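Asks: first chunk of the complex, coordinates as they sit in the assembly:
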Amino acid sequence: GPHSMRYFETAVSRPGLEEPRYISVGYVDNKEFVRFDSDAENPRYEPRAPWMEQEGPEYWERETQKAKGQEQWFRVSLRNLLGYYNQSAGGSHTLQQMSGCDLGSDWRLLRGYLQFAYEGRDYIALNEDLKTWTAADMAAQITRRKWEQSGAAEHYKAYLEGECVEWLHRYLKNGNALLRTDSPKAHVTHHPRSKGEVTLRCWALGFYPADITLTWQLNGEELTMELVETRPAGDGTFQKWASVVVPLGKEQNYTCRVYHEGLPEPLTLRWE
């Protein structure tokens, strides 16, 4: 199977607060594994999966120092951005970064990622070529030029192709057994809805990872049905359901399908 690492970083400024709060959260295969929070008593990168306790004090020292650098970086940047957007003192602002790499089943780099958002909106992002930048806003051109003139892309490229892959490989070796998936377990419930009609609700439960698809069909055609957003059980696994309104006494015509990477093939069921 394919793999990935991300680091999701946030800085937030607020009216009263002297200094922005900075949080960095790292992910391997979308499970959180390291975290830094400037609001902590003693701000440091802490392990967030039992398999990271392996890394020795050098690791945590250097990653923590790396964090303190970002904290500065995000802070100066937030200040610059205020100026670029002619925003005055007296508001809240957020600067966000996602960085990382995707590997294929072969463990070779498939894609690097480097993007940033301001006020929850795309500000500037490194293109898939890892050479050029995309930057929508007129304010953002100021940055794009700065970074073009400074060769920023090449140094991020080095990181994404190098350290990111190198250390994900290492985390993946250290972490086997995030390797496994949990298949969904499906059932259907019956609920009255109106006169003449009822509600069939296909539940999927106990699955990891989150990505899953639920469908309903009536003699072979899919439907257009209510679906909830996939939600955490709170125990590492996920839940989803999808529902359709059905005529009374015609419920054995309707079939639910569940699709998930953990399955040997999709599951098929109906109400019983």
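Replies: Received, thanks. Numbering: from 1, shown residues only, chains lettered A, B, ... in the order given.

Asks: How is chain A partitioned into domains?
Replies: Following curated CATH domains, one gets these domains for chain A: A:1-180, A:181-269.

Asks: Redo those as TSV? Include mean neighbour count.
Replies: C-beta coordinates here come from the backbone N, C-alpha and C atoms, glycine included. Shown next, in TSV, are the domains of chain A (neighbours: other Cβ atoms under 10 Å):
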stretch	mean neighbour count
domain A:1-180	15
domain A:181-269	15
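
Asks: so residue A:9 touches residue A:22, yeah?
Replies: Yes. With contacts counted by Cβ atoms under 8 Å, residue A:9 reaches residue A:22, the gap being 7.3 Å.

Asks: Return every residue with contacts to both of the two.
Replies: Shared contacts of residue A:9 and residue A:22 (Cβ atoms under 8 Å, 6 or more residues apart in numbering): A:70, A:74.

Asks: what's the single longest helix in chain A?
Replies: Longest helix in chain A by number of residues, with DSSP state H as the criterion: helix A:57-84.

Asks: who touches the next helix-or-strand element following that helix?
Replies: Using DSSP states H and E, the helix or strand that follows helix A:57-84 in sequence is strand A:93-103. Residues from elsewhere that reach strand A:93-103 (Cβ under 8 Å, 6+ apart): A:2-13, A:27, A:74, A:77-78, A:81-82, A:87, A:109-120, A:123, A:156, A:159-161, A:164-165, A:168.

Asks: and chain B, same structure:
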Amino acid sequence: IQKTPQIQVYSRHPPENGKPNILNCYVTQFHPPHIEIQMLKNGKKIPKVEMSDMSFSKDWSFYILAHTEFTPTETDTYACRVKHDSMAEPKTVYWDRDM
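Replies: Below, chain B sits with the chains from the block before:
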């Protein structure tokens, strides 16, 4: 610009009357990240409500999971009550056992 919280309120395990369980309030898709979340029992604040650390999605919006131990009975109504700058008044959504 502000994005309004989407809220789901649901149990971790199939609910059964008299059986300890976890009640979850999953609040997603909001901005800015400042948010106040409360879980209610029969209109009253549940005290030891745990809160996951904040995180965000590929689309930059923030999400967060509030959860608490509970034991559903037949007569108790449970609710999640979210306050956020996108909304002028708090939003309460009620636990439906079938959802």
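
Asks: distance between the longest helix of chain A and the chain's centre?
Replies: Helix A:57-84 sits 21 Å away from the centroid of its parent chain (Cα atoms, centre = their mean, to the nearest Å).

Asks: which helices and strands does it pack with?
Replies: Judged by 3 or more Cβ pairs under 8 Å, 6 or more residues apart in numbering or on different chains; DSSP states H and E, helix A:57-84 is in contact with strand A:3-13, strand A:21-28, strand A:31-37, strand A:93-103, helix A:138-150.

Asks: can you pull the contacts of residue 91?
Replies: Picking chain A for this. By Cβ atoms under 8 Å, 6 or more residues apart in numbering or on different chains, the contact set of residue A:91 is residue A:15.

Asks: other chain: chain B
Replies: B:5, B:7, B:81, B:82, B:83, B:84.

Asks: Closest one of these to chain A?
Replies: Nearest to chain A among these is residue B:7, at 10.6 Å by Cβ to the nearest Cβ.

Asks: beta partners of the residue nearest to residue A:123 when sequence neighbours are not counted?
Replies: In this structure, residue A:123 finds its nearest non-sequential neighbour in residue A:116, 4.9 Å apart by Cβ to Cβ, 6 or more residues apart in numbering or on different chains. Bridge pairing for residue A:116 (DSSP bridges) gives the partners residue A:97, residue A:124.

Asks: okay, now chain C:
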Amino acid sequence: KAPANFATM
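Replies: Chain C, in position alongside the others:
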């Protein structure tokens, strides 16, 4: 291991 950003915005 986390990125260490270069030029500021």
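
Asks: quick recheck of the contacts of residue A:91 now chain C is there?
Replies: Contacts of residue A:91 (Cβ under 8 Å, 6+ apart): residue A:15.

Asks: Quick check: closest non-adjacent residue to residue A:53.
Replies: In space, residue A:53 is closest to residue A:47, 5.5 Å off (Cβ to Cβ, 6+ apart).

Asks: Okay, and the beta partners of that neighbour?
Replies: Counting by DSSP bridges, residue A:47 forms beta bridges with residue A:34.

Asks: From chain B, how far out is it?
Replies: Relative to chain B, residue A:47 is positioned 14 Å away (Cβ to the nearest Cβ, to the nearest Å).

Asks: Looks like that residue contacts residue A:59 (just checking).
Replies: No. In terms of Cβ under 8 Å, residue A:47 does not count as a neighbour of residue A:59; the distance is 9.4 Å.

Asks: excluding its backbone neighbours, what's nearest residue B:77?
Replies: Distances taken as Cβ to Cβ, 6+ apart put residue B:42 closest to residue B:77, at 5.9 Å, once the chain neighbours are dropped.

Asks: Actually, residue B:6.
Replies: Per Cβ to Cβ, 6+ apart, closest to residue B:6 is residue B:29, 4.5 Å.

Asks: Now do the residue in the stretch 1-150 of chain A that chain B sits nearest to against residue A:46, distance only.
Replies: Using Cβ to the nearest Cβ, residue A:120 is the residue of the stretch 1-150 of chain A that sits closest to chain B, at 4.0 Å. According to Cβ to Cβ, to the nearest Å, residue A:120 stands 26 Å off from residue A:46.
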